[PDB]
Structures are given as C-alpha cells and as structure tokens.
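In what follows, a structure is listed as structure tokens, so that the remarks can point back to it.
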Ligand SMILES: *[C@@H]1O[C@H](CO)[C@@H](O[C@@H]2O[C@H](CO)[C@@H](O[C@@H]3O[C@H](CO)[C@@H](O)[C@H](O[C@H]4O[C@H](CO)[C@@H](O)[C@H](O)[C@@H]4O)[C@@H]3O)[C@H](O)[C@H]2NC(C)=O)[C@H](O)[C@H]1NC(C)=O
Ligand SMILES: *[C@@H]1O[C@H](CO)[C@@H](O[C@@H]2O[C@H](CO)[C@@H](O[C@H]3O[C@H](CO)[C@@H](O)[C@H](O[C@H]4O[C@H](CO)[C@@H](O)[C@H](O)[C@@H]4O)[C@@H]3O)[C@H](O)[C@H]2NC(C)=O)[C@H](O)[C@H]1NC(C)=O
Ligand SMILES: *[C@@H]1O[C@H](CO)[C@@H](O[C@@H]2O[C@H](CO)[C@@H](O[C@@H]3O[C@H](CO)[C@@H](O)[C@H](O)[C@@H]3O)[C@H](O)[C@H]2NC(C)=O)[C@H](O)[C@H]1NC(C)=O
Ligand SMILES: *[C@@H]1O[C@H](CO[C@@H]2O[C@@H](C)[C@@H](O)[C@@H](O)[C@@H]2O)[C@@H](O[C@@H]2O[C@H](CO)[C@@H](O)[C@H](O)[C@H]2NC(C)=O)[C@H](O)[C@H]1NC(C)=O
Ligand SMILES: *[C@@H]1O[C@H](CO)[C@@H](O[C@@H]2O[C@H](CO)[C@@H](O)[C@H](O)[C@H]2NC(C)=O)[C@H](O)[C@H]1NC(C)=O
Ligand SMILES: *[C@@H]1O[C@H](CO)[C@@H](O[C@@H]2O[C@H](CO)[C@@H](O)[C@H](O)[C@H]2NC(C)=O)[C@H](O)[C@H]1NC(C)=O
Ligand SMILES: *[C@@H]1O[C@H](CO)[C@@H](O[C@@H]2O[C@H](CO)[C@@H](O)[C@H](O)[C@H]2NC(C)=O)[C@H](O)[C@H]1NC(C)=O
Ligand SMILES: *[C@@H]1O[C@H](CO)[C@@H](O[C@H]2O[C@H](CO)[C@@H](O)[C@H](O)[C@H]2NC(C)=O)[C@H](O)[C@H]1NC(C)=O
Ligand SMILES: *[C@@H]1O[C@H](CO)[C@@H](O)[C@H](O)[C@H]1NC(C)=O
Ligand SMILES: *[C@@H]1O[C@H](CO)[C@@H](O)[C@H](O)[C@H]1NC(C)=O
Ligand SMILES: *[C@@H]1O[C@H](CO)[C@@H](O)[C@H](O)[C@H]1NC(C)=O
Ligand code: NA
Ligand code: NA
Ligand code: NA
C-alpha cells in the first residue's frame, strides 16, 4: 500500500 | 481487479515452497493470464487449479468474491485451518475439491447455498462436527466424499443424499444413520 | 568552567530510560570522560559537546528520552527504526537547538505535540510510520525554518489543515497514507513558494484541484493520487515550471488533458490513469520529452500524437482502456529506449511501427483488443529484451518471423484471434523462458515442431481453432510441467502413446475436433492432476480404459468417436450421460446408450 511517489504500473 | 486482489490475498496466506503462484502478479488488470487460473470469455475466473502443489497455509474468506468460479481444485496439499463460510457465496461453483489436505473445524452450512454443485470431495481431511442438512437441498450434487474425516452425528438420507452410498461417509469418528452400521440415538 | 558540559551524564540517563536488548549502547562506557567517541554520538564542536545522536535501527524500546534535550548543542536526533512508544512529550520543545528530528518507524501514539513548532531551529521533521492521531496542531502553521514535514503512514483523522500553507520555508509536504477526514486541497497550499514536493496520496482528498497549485514554480513532484478528487485538471498547472513528476491517478477527475502541460519543459513522468478524462491527448504534451506517459483506463479519444516518438527519454507508454483511434507513430521506439508499451483495448489500426525495439530495451508489447493489421515487424525477431508479447484480438496476418518464436526471455506469447499463417519454427527450442503459448483461433498450419518438447518449463500450450496437422511430436510428452494442452479444432492425426504418463502435472487435455485415431492409452489414469478430458470429435477406437475410473474428472467427453464395448461401471452414472454419445459400439446402463 505504502508505495513511494510515482506512476501506477498496471499492465495487461 | 477484485478477483485478482482476492486470489493475491490467498497467495499471501498460502506457503508456496515450489513457487507455483509466481505468475500471480497483482499489477495485472485481470488474473486470467496467471497460471493455475482459467477465465471465461468475459475474463471472470471460472477455474482455480492448484492440486498437488505442496501448498501449506490457510484459505481466505476473499475466495467468495469469485462469483463465476465453477471449479476450485486445492486437493493433495497440506492446507490447514477452517473451510471459509464465504465459499457459500460461490453461487456458480460446480466442484469443491479440498480433499487430501489437513483442513479442520466444521463443514460450513453455507455450502448448502451452492445450488449448481455437482462435486463435493472433502475426504482425507481432519474435519470435525456434523454434516450440514443444507447439503440435501443441493439438487445437482452427484459426487460426495466426506470419508477419512473426524465428523460425528446423523448422516442425512434425504434429497441428494438419498442416492449416496456408505463409501462417501466412511472412516469417521461417530457417524450415526442408515448409511452407517450404528443407528442414531 | 562556563563551557563545561554534563553531556556524558545526560546520554547515560538516555541509555537507562530505553531498553537495549541487542546491547547497541555497550560503547556508552560511564567511565569514559567524553561521550564523543560513543556509537551514534558526534561532537562536531571545539568543546566535548554532543551535536548529533543517531540511534537508528538499535532495537531500542521505551518512551522518548526528554533528558536528551539537556544536550545544549544537539542539532540532529535520529531514533529511526526503533520501538519508541507512548505519547511524544510536549517538553521536546526544550531541544531548542534541534535542526533534524527523525522519529520515523517507531511506535509513538496519540496527538502530535504542538510544542514542536516552539523549536525555532527545526528544519526536518520525520514522524513517518507511527500511530499519531487527531488534528495536526495549529502551532504547525508557525514553524519558522522547517523545510520538511513528513507525517506519512500515521493515523491522523483530521481535515488537511490550510495553515500548513503558511510555512514559507517548506520544501516538502509529505502527508500521504493518513486516514484524514474527507478534505479539499487547501488553496492556501499554492503559497508554499519554495515547495519542491507535495505528496498527498491516499489522504482522502475530495473536491477540485485548486488553480493556486499552479503558482508553485519550484515544485518537482505533485502526487495527489489514490484520492477522490473531481473536476478538470487545472490549466494553471502549466505554471509548474520546474515540475518533473505529476501523479493524479485513480481520482474521479473529468475533462480534457490541458494543452498548457506542454509548457512544463522539465516534466518527464505523468500518470492520470483510472480517471474519467475525455477528449484527445494534446500534441503539446507529447512534444515534451517525456519518460513515462500513463493515461490508461480513461474515456480519451482521437489519435495519439506522433510528437511522442520524438522524445529521447520515453521508456513507458500505458494508454490502454481508451477509445483512441488511428495508427501508432511510425518512428515510435526509434529515438527512445522503449521498455513497456500498452495500447490494449483501444481502436488503434494499421501496421505496427517497424522499430519499437530499436534501442533493444522493449520488455512488454501489449496491443490486445485493437484493429492492428499486417505482419509482425521482422525487427522484433532480434528483440531478445521482450518478456511479454500480447498481440491477441487484432487483424494481423502472415507468417510469424522465425526468430520471434525463439526469443529467450519471453514468458507469454499470445497471438490469439488473429489471421497469422505458416508454421511454428524449430527456433521455438531457444524460447527457454516460454511458460505460456497461446496461438488459438489463427490460420497456423503444419506439424508441431519436435523442438517444442525442449521447452521443459512450458506450462500451457493452447492452439485451438488452427489448421495444425500430423502426429503429435514424441517430445511433447517430455513436458512434465505442462498443465494445459488444448489442441481442439485442428487436423491433428495419429495415435496417443504410453508417454502421456509423463504429463504428471496436466490438469486439462483437450484434443477434440481432430482426426486422432487409435486406442485411449491405459496410462490416461496415471495423470494425477487431470480433472478435464475432451477427446470428443475424433476416431478413437477400442474399449474405454479401466484406468479412467482412478481419475476424479469434473469434465469428461469421449463422444463422437469409434469407442466400443461396455462402460466401466463407475462411468455408467447419469452425470456421464452426454460423455459417451456418438460411439455406436458403446453400451452401458445409460438411457440413451444402446
Ligand atoms: C517526502 O516525499 C518525497 C516524494 O515522495 C521524497 O522524495 C524523494 O526521496 C526519495 C527517497 O530518498 C528519492 O528516491 C530515490 O531516488 C534517488 C535518485 O535521486 C535514487 O538514487 C534512489 O535509488 C536507488 O538505489 C539504491 C541503492 O543504490 C536503493 O537502495 C534504492 O532503493 C533505489 O533503488 C531512490 O530510488 C526520490 O528520488 C525523491 N523524489 C523526489 C521527487 O524528490 C522524500 O524522501 C520524502 N521525505 C520524507 C522525510 O518523507
Ligand atoms: C522469465 O519471464 C518472467 C516474466 O516476466 C520474468 O519475470 C520477472 O522477472 C523480473 C526480473 O527477474 C522481475 O523484476 C522485478 O521484481 C523483483 C521482485 O521484487 C524486484 O526485486 C526487481 O528489482 C530490481 O531488479 C531490476 C531488474 O531489471 C532492476 O532494474 C531494479 O533496479 C532492481 O534492482 C524487479 O522490480 C519481475 O518481478 C518478474 N515478474 C514475474 C511476474 O515473475 C523472468 O525474469 C524471466 N527470466 C528469464 C531468465 O528469462
Ligand atoms: C431433509 O430432512 C430435514 C430434517 O427434517 C429437513 O429439515 C429441516 O428444514 C426445516 C426448514 O423447512 C427447518 O425448519 C423450519 O423450522 C423453523 C424453526 O426453527 C421455522 O421457523 C421454519 O418456518 C421452518 O418450519 C428444520 O430445522 C430443518 N432441520 C434440521 C435438522 O436442520 C429438510 O428440509 C429435508 N430436505 C429437503 C426439504 O430438501
Ligand atoms: C496566497 O497567494 C495569493 C496569490 O498571490 C500573488 O501571486 C503569487 C504567485 C505571489 O507572486 C504572491 O507574492 C502574490 O501576492 C495571494 O493574493 C492576492 O492577494 C493580494 C494582496 O496580498 C491581492 O492584491 C491580489 O489581488 C490577490 N491576487 C490573487 C490572484 O489572488 C494571497 O493573499 C495569499 N494568501 C495567503 C494566505 O498568504
Ligand atoms: C504564519 O506564520 C507566521 C510566522 O512565519 C506566524 O506569525 C506569528 O503571529 C502570532 C500571532 O498571530 C505571533 O504571536 C507570533 O509571534 C508570530 N510569529 C512569528 C514567527 O512571526 C503566524 O501565526 C502563522 N499563521 C498560522 C495560521 O500559522
Ligand atoms: C482505485 O481507487 C478505488 C477507490 O476510489 C480503490 O478502491 C476501493 O478499495 C478500498 C480499499 O481496498 C475498499 O475498501 C473500497 O470498498 C473500494 N471502494 C470502491 C468505491 O470501490 C481501488 O483499490 C483503487 N485501485 C487502484 C488500482 O488503485
Ligand atoms: C475469436 O475468434 C473466434 C474464432 O474465429 C470467434 O468466433 C466465433 O464467433 C462467430 C461469430 O460470433 C461464430 O459464428 C462462430 O461459430 C464462432 N466460432 C468459434 C470457433 O468460436 C470469436 O468471436 C473471436 N472473439 C473475438 C473477441 O474476436
Ligand atoms: C513501552 O515499552 C516498554 C518496553 O517494551 C514497556 O515497559 C515495561 O513494562 C513491561 C510490562 O510489564 C515490563 O516487562 C518491562 O520490564 C518494562 N520496561 C520498562 C519500564 O522500561 C512500557 O510499559 C511501554 N509503554 C507503553 C505505553 O507501551
Ligand atoms: C502439515 O503441516 C504441519 C505444520 O504445521 C505439520 O505438522 C504436518 O506434519 C504437515 N504435513 C506434511 C508436511 O505432510
Ligand atoms: C485416506 O486416509 C486413509 C486413512 O484415513 C488412508 O488409509 C488412505 O490411504 C487415504 N486415501 C488417500 C486417497 O490418500
Ligand atoms: C460432448 O460434445 C458434444 C458435441 O461436441 C456435446 O453435444 C455434448 O454435450 C458434450 N458432452 C459433455 C459431457 O460435455
Ligand atoms: Na491462464
Ligand atoms: Na511562516
Ligand atoms: Na479513488
């Protein structure tokens, strides 16, 4: 949950 | 998605020495591309196939989210602890194969709500308690094996259970009923 | 004597106050005249005065040692990664010379002491990974020299305070992952002129993004992600002259991506994914030399501007789940070290760009559910960087490039629902990392290559709805990690062998709608994990093996074959009613059978 600030790497 | 999150939750509570769940990337939009997971044409999970995987640990209530699930295959493992009540929320379930595991505690009464169930194999476990009468209301039931458990009490003889032989209820602690030698109090 | 200190005594008192199971304060010898050479203790001044104490990761447990404030020249205190418990004392203000306070990753609980703002020298406050609760104190607006405020991963239940915008010296406001009362972004946060970082992810933020935020010329990172913000991306955000990263993902933002974001020369990373953004992707943004552009799962439409190919820094383009139309930039991947491309579930058309893997860094090529046409670019045959290929549900045609089959690091190859023709090359043998091969619903022809058996780590082979032919290679039965074999809807011929015994991890075998001949091997029952068998629509002959009784099968179809004899009694049940239809020789105690 506590990811450092930056893009969300969701992929297919 | 919700289904992928639910299966990931299962992965986190399971012990996976052979890394059979390594394909289970939560960052994928759907769990369909995961190995051991099969999805329908609408990309909803219909099958989870994890038998003979040397899996240890406990199941999670979050398996109940997989509404379109038809086959849950978690057999020939060392999965321990209770059978989640939320497995009753799997309406489209056709097979519940939790056999050859170390599951303990009661058979949930919720499993009666599995209207389309054809296979219930909970054999070779440490399950205790009585066999729910709700399971008689499952009209579709064709295979039952509650053998090699520590279950006790009356064995139902009505509904789906009408057709069931003694081999289904064999080697249990104190099963009383017509299928068993010992008649009930 | 006026310059004499009791610093050793004070630190010994600190040691007594805290529990030290792992003896990290053993260097702290009472006999020692000066504490300056003690572990974690720095005396940087002329005299023997402690200036810095770092007791990070020392498994120290107990309340905050307020005695330490008697160290007159202490400017730096770190108790990071310890088990400091109880409330933070209001007497911490006595540490009037402190510039740095790191109490992060401790077990401190209760309301924040307001007296922290009464420390005039404080520059850095990190209270991350604690259980602080309640409102942020109003004293916090009166911080004189603070540049960093981190209250991340605490339990603060208040509204985000507007008075925090009054800290002119602030360079970083980090309030992320806190259970705040649903709160709007204070417009007064626009007055933090020196702010370089605004990190408000999972802060239960509601309402519109204030136009005031555009006045933050020095801002480098704007993270307002994983909140419930509504409204348009403010056009004023073109005023963030020094911004490098903007994270606005998984909000309820609507409207068009502002063309003024093109004015952000230093911008490299944008993620506004999982929003309800509409309209076209602006060319002016695409003209910016971006590193990552993620606008996935929006309601965006129109062509992807070609300007994006110009960027020399682009490694990530994820624009999937949109209504985007037209062709991919011809020069895409030529000028940039492209690693991840996801244009899936869009209305994109035309040939794939020729040189996507030009820089040799492409790992994931995901174009599923588009209308892409033509052949696989031959360049991709030398893209050994690739790990995931999903070209499925497109209008592609022609033979697969020979090398593309044998790419070493590919785990998934999906070419499903295309018009691909030709054969699987012998080069497949080099696909060491191939686990999942899905070639279903194509026009593929020829025998399966023997070298497919060299892929021991192959877990799935799905080639349904193809023109594949010939006997199964003997090597195919050497694949003992294979869990799914679906060859249904082909022209496969020949007999199954006893080698099927080696498919010990096979859950599904579908060989339906083929021209398979011969007897079902008696070794079918040796498949421990087989739960699904379809050998329907073949010319399988002989008696059904008694071994099949040993298997617990949730699906069985041996229908429309040449099978003869009587059903093994276990298989005579009503559940297996439709499993044996169309086998004339076959008679059992089933109401349609004979
Ligand atoms: C307040 O919040 C901001 C933003 O959320 C945060 O700022 C940033 O700090 C982090 C943590 O230090 C920075 O992270 C890294 O980036 C640098 C490049 O400048 C890398 O060198 C680091 O890299 C790697 O390699 C190390 C081994 O050699 C590994 O140990 C490490 O894990 C990395 O793999 C690292 O990735 C980040 O760059 C900045 N970002 C911005 C926009 O300023 C700040 O730290 C927060 N402060 C507080 C007190 O909460
Ligand atoms: C077979 O195909 C698999 C399909 O993807 C490949 O899988 C994945 O492998 C990569 C690399 O091994 C792995 O990467 C990351 O996740 C790690 C787990 O936490 C993490 O530690 C990694 O972090 C770091 O390493 C990268 C490497 O490039 C550096 O750039 C970073 O700076 C950092 O040091 C990294 O984030 C994937 O997690 C993994 N995914 C899955 C789903 O398995 C196999 O690598 C591939 N193998 C071969 C031999 O072909
Ligand atoms: C198979 O036989 C069993 C045993 O008789 C049948 O039993 C039971 O089902 C009824 C539901 O109709 C349960 O009772 C009801 O009683 C409650 C009061 O507790 C009342 O409010 C309801 O209106 C209803 O009359 C009964 O408790 C239950 N028995 C056990 C032991 O759980 C079962 O219905 C038969 N199988 C069928 C119909 O498929
Ligand atoms: C918060 O900031 C606003 C905006 O102000 C100005 O623009 C900034 C980028 C910077 O250059 C500031 O120094 C500028 O003052 C403040 O607003 C305005 O207030 C002044 C009087 O101070 C008034 O004459 C202007 O017309 C206002 N203009 C706008 C566009 O709002 C505001 O006062 C500041 N608030 C706090 C709480 O400090
Ligand atoms: C905004 O910051 C200034 C200082 O940067 C604060 O100023 C003070 O005002 C109070 C009365 O309002 C005085 O008693 C203090 O002595 C002042 N302190 C300084 C350092 O000048 C102001 O209070 C702050 N406002 C908020 C809401 O935090
Ligand atoms: C995107 O945001 C939504 C909420 O806006 C996230 O979802 C919810 O997830 C929480 C925590 O897991 C649940 O308790 C809520 O019930 C969910 N709310 C709603 C409204 O669905 C979601 O996890 C986020 N997804 C991503 C990928 O970031
Ligand atoms: C994927 O490909 C299959 C096969 O070409 C498509 O299938 C069939 O759908 C048509 C029209 O709906 C039917 O007439 C056929 O009888 C179906 N055949 C088979 C073999 O399934 C399928 O619709 C394609 N899916 C997508 C999303 O394009
Ligand atoms: C803070 O942590 C310390 C140590 O974990 C707690 O300390 C003490 O109480 C324990 C339970 O009776 C004793 O076994 C310890 O010997 C004793 N140690 C001391 C006083 O240093 C302390 O109570 C904790 N306080 C809170 C509020 O969590
Ligand atoms: C299953 O796991 C438990 C450990 O909690 C162990 O006692 C039991 O013997 C295990 N059985 C195996 C590994 O066969
Ligand atoms: C089931 O358990 C019994 C003992 O309870 C044992 O003899 C038998 O071998 C087990 N069956 C399986 C299928 O493992
Ligand atoms: C077997 O396949 C035939 C058509 O191929 C179908 O009509 C029948 O329902 C199938 N039976 C089972 C058990 O799936
Ligand atoms: Na799959
Ligand atoms: Na101020
Ligand atoms: Na949200």
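Every residue number used here counts from 1 along the chain in the order it is shown.
From the backbone N, Cα and C atoms, a Cβ is placed for every residue, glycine too.
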Worksheet item: Given the ranges B:89-92, B:93-96, B:97-100, which one is assigned the annotation region 'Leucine-rich repeat receptor-like protein kinase binding' in Swiss-Prot?
Response: B:97-100
Worksheet item: Taking B:65-70, B:71-76, B:77-82, B:83-88 as the choices, which stretch does Swiss-Prot tie to region 'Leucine-rich repeat receptor-like protein kinase binding'?
Response: B:71-76
Response to the item:
For the region 'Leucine-rich repeat receptor-like protein kinase binding' (B:97-100), the DSSP residue counts stand at 0 helix, 1 strand, 3 coil
Worksheet, complete the sentence: Between the C-alpha atoms of residue B:184 (disulfide bond) and residue B:124 (N-linked glycosylation site), the distance in angstrom, to the nearest integer, is 24
Practice prompt. Measuring CA to CA, name the entry from the recorded positions B:32, B:36, B:39, B:176 that ends up nearest residue B:78 (N-linked glycosylation site).
Written response: B:36
Practice prompt. Identify, in sequence order, the recorded positions in B:39, B:124, B:184 that approach chain C with a C-beta to C-beta distance under 8 Å; the answer is 'none' if none do.
Written response: none
Practice prompt. Pop the Cα-Cα gap between residue B:89 (N-linked glycosylation site) and residue B:158 (N-linked glycosylation site) into the table, whole Å please.
Written response: 24
Fill in: Densest Cβ neighbourhood among B:78, B:124, B:137, B:158 (glycosylation sites), 10 Å radius
B:124
Discussion item. Check the DSSP secondary structure of residue B:89 (N-linked glycosylation site), expressed as helix, strand or coil.
Written reply: helix
Discussion item. Using a Cβ cut-off under 8 Å, which residues of the same chain at least 6 positions beyond either end of the repeat 'LRR 3' (B:115-138) come close to it?
Written reply: 70, 75, 83, 91-109, 144-156, 158-161, 169, 173, 175
Item to complete: Mind checking which of B:32, B:39, B:176, B:184 has the fewest other CB atoms within 10 A of its CB? They're the disulfide-bonded residues.
Response: B:184
Worksheet item: For the repeat 'LRR 1' (B:66-90), what are the same-chain contacts with Cβ under 8 Å, counting residues 6+ beyond its ends?
Response: 3, 6-7, 14, 40, 42, 44-60, 96-114, 116, 121-122, 127
